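The next block holds one structure in the form of structure tokens; read it before the comments.
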Amino acid sequence: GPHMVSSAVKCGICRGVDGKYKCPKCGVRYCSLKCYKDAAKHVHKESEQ
Ligand SMILES: [Zn+2]
Ligand SMILES: [Zn+2]
């Protein structure tokens with residue numbers, strides 16, 4: 001029966017596969033270290049400075 005609610009998330013950086021990995025800094029979900037160690041889509045600006 002319908003008990004599942006899709007208890008998973010997609011990579012918010014490439015939107016390719018599931019975001020199995022998570023960034024404890026911003027709260028983003030990435031599919032792997034590929035999108036983790038990115039500085040184009042994986043933005044760590046936080047504030048202006
Ligand atoms: Zn981050
Ligand atoms: Zn990704």
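Residue positions begin at 1 at the first shown residue.
Every residue, even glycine, has its Cβ placed from backbone N, Cα and C.
Features of the protein shown, as given by the PDB entry:
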type	residues	note
SEQADV	1-3	expression tag
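Copied over from Swiss-Prot, here are the features:
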type	residues	note
BINDING	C11, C14, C31, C35	Zn(2+) binding site
DSSP three-state assignment (helix, strand or coil) for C11 (Zn(2+) binding site): coil
Helix, strand and coil totals (DSSP H, G, I; E, B; other) for the expression tag (1-3): 0 helix, 0 strand, 3 coil
Among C11, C14, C31, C35, the one of these binding-site residues whose Cβ has the fewest neighbouring Cβ atoms within 10 Å: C14
Cβ within 8 Å of the mean position of the Cβ atoms of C11, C14, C31, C35: remaining residues of the chain near Zn(2+): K10, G12, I13, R15, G16, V17, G19, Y30, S32, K34
Mapped DSSP class for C31 (Zn(2+) binding site), helix or strand or coil: coil
